[PDB]
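First comes one chain, alone, set out as structure tokens in the form deposited in one PDB entry.
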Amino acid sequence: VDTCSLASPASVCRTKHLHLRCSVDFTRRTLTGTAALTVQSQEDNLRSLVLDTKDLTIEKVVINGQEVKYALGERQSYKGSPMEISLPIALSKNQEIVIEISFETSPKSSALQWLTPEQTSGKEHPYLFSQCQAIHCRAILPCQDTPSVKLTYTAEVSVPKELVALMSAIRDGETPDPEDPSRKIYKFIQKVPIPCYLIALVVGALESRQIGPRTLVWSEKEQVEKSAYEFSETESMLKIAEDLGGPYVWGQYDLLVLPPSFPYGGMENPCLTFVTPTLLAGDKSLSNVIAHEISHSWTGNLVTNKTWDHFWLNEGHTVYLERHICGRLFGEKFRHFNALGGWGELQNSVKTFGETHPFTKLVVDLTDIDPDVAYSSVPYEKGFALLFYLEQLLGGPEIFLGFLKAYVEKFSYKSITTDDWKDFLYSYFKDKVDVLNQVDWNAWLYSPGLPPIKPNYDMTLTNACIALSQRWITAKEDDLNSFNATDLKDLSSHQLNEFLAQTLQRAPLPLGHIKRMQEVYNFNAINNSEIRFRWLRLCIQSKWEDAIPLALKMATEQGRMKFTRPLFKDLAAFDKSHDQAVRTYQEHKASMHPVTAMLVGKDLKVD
């Protein structure tokens, strides 16, 4: 039972394939077309079925060439409206039928962001992108919007001829639209069964550059050169991921660099990973996000969470694989550095929510909870901490990686729960069950707050970060003159970021210390988004008014939620910038991504 879906469950019927034929209308801000669902009955005498929809206009439903009866139920807030379809003939078990639904999206679809030419790099063409995870696919097309169902898909997308369409699938050609010569049709094929949250579409003035044997980078022309360099390690990361998880089954691994309002660091859309342009640091330092998206090609896209309550399965194992890829490229001391940094991010999330908050549990109950509201570092970091703890308990990384590959092999093309994972862990490590029974499973999986045990971490690379952060925190006015630009000479960008994260955990610091830090280190000149974000939070929480325009500019010139949400919250919490934060949100709201707009509104208590 998936409590986030209003559709018939997988025990009643299952969508085997989607054939999508649609047209993108930038003047109306609508996607119009037909979603033809091949559905297999799982029951005898099946006469109706229910699909998820959200702000969709339904024109008609056709089965066997004839229009059928359908009804839309009352809207259930963020879940949308259930659509019940009356089948013309009762189905026996395993019988399949094709249901062609003619629909139109709303301009306010929570899955989409429609951009004006002014909101793009080129300024001459509009742009469109989707983001279906977790339950936004129902805001694009009628479907069983649950990761417990996997389907293949084909698509034909009509767009203005000057633009390019891409999807989370293999490109299958382009032609002039026969029905309209001012338009082009782009075709797509996804032969690997996927959960519908993995369906994705982008339409814009896109260009491509090859960066590897199975990888193109796509973006507007202005970003192509910088993106090709930034993500040049992609093929090397794919090779390591294949060694760790088994064959890469998806064919292509392309990257799309979105406009700055893209709400996440990345999204693992199969064949076409979507990434934020905030990764463009100029030195490949934020490449762990690519390693993370690559890892999802096994943990999440092949082995999928059965419901959103088990999302930690997707995230925890992916962070685990991501840290092994970066460890293979940069060394074991680096894997430990990132792992320890992750524990710190977990401390921050637990502190923010509170140690008894149900969103700090590894397995959550999302029945009447919007998954976008529950989203945090918890399933990533508490999930990673559990696996890292298990690796240490069970004999080390080589042994635990054997389990990871067997786990991916066992559950490929399936959707699983925490109980399925735990059962297989016990089966694989049957000769180590005495060790496994020492784990406080109830606390790890079902209890809020920090985990009951903290793993062992090598401190080699972290030591210099802690030492410099402690020098600043313990410094008095008479010690400020001792700081100098030479303090940073032996720190990598990763270490500078960690120094800032350690210091931010003890914020606020006195205003004089923050002014001195700018005087000696010139942090205002750093473009790296992670470093700049932590530095600006530190300035605002330490009440430096000079940082107000910089923080406001960062919060609005990009829309990655990891940065935008805490920046607006810190600005609303500083009396000097409170009104500015609220007014800036109000002025930008109508041109923001719909999910980001909703969440920033909730954070600021602005309805």
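Residue numbers run from 1 along the displayed sequence.
Note that the form deposited with a small molecule bound isn't included here; everything after this is about it.
- Although the partner is absent here, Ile531 lies well away from the small molecule in the deposited bound form, with no heavy atom inside 4.5 Å.
- By the criterion of a heavy atom within 4.5 Å, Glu156 is counted among the residues contacting the small molecule in the deposited bound form.
- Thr32 belongs to the set of residues with a heavy atom inside 4.5 Å of the small molecule in the deposited bound form.
- Though the partner is left out of this view, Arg21 does reach within 4.5 Å of the small molecule in the deposited bound form, counting heavy atoms only.
- The stretch from 476 to 484, 241 to 249, 172 to 180, 391 to 399 that comes within 4.5 Å of the small molecule in the deposited bound form, counting heavy atoms only, is 172 to 180.
- Note on contacts: among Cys326, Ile185, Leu112, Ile85, the single residue with a heavy atom within 4.5 Å of the small molecule in the deposited bound form is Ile185.
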